[PDB]
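The chain that follows stands alone, in the form deposited in one PDB entry, written as structure tokens.
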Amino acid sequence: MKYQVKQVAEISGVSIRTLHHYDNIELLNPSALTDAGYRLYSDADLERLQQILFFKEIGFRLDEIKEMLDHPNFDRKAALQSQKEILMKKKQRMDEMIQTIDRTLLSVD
């Protein structure tokens, strides 16, 4: 029924420290707590975690992920594209950086 850090960390691949941090940030708040304070996660919490984890792969930030999960109305298409555009530019920057390196490695190679 419920899961505690060790298990959630194992099922999802993230660290316990991560679960805490996501808890402190209000990104992912456990569904329950034991009298002793132990965090107890529900299957729903696990879906939520998978989604925040997926948006993480696309390069979004915890705040963006948060605002998108807490506010579903927020159009996702435009976000997925803009994020793409942002990514593409980051890629373009690195290219210019690599050129600068090559354009520099031409001297006693």
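Don't overthink the numbering: it's just position in the shown sequence, from 1. The term rigid core refers to the maximal set of C-alpha atoms that superpose within 1.5 Å between the two forms.
Colleague: Quick one: higher average CA temperature factor, 76-84 or 40-48?
Modeller: Per the PDB record, 76-84.
Colleague: When the C-alpha temperature factors are averaged for each of 85-93 and 19-27, which stretch ends up with the higher value in the entry?
Modeller: Looking at the recorded C-alpha B-factors, 85-93 comes out higher on average.
Colleague: Using the temperature factors in the entry, find which of 53, 58, 68, 33 has the highest value at its Cα atom.
Modeller: Of the options given, 68 has the highest CA B-factor in the PDB entry.
Colleague: When the deposited Cα B-factors of this chain's modelled residues are ordered and cut into thirds, is residue 6 in the lowest, the middle or the highest one?
Modeller: Tercile = lowest for this residue's CA B-factor.
The same protein also exists as the form deposited in another entry; that form is not shown, yet it is the one meant from here on.
Colleague: When the rigid core of both forms is overlaid, which of 35, 70, 26, 47 is the one whose C-alpha moves 2 angstroms or more between the shown form and the other one?
Modeller: Only 35 moves by 2 Å or more at its C-alpha.
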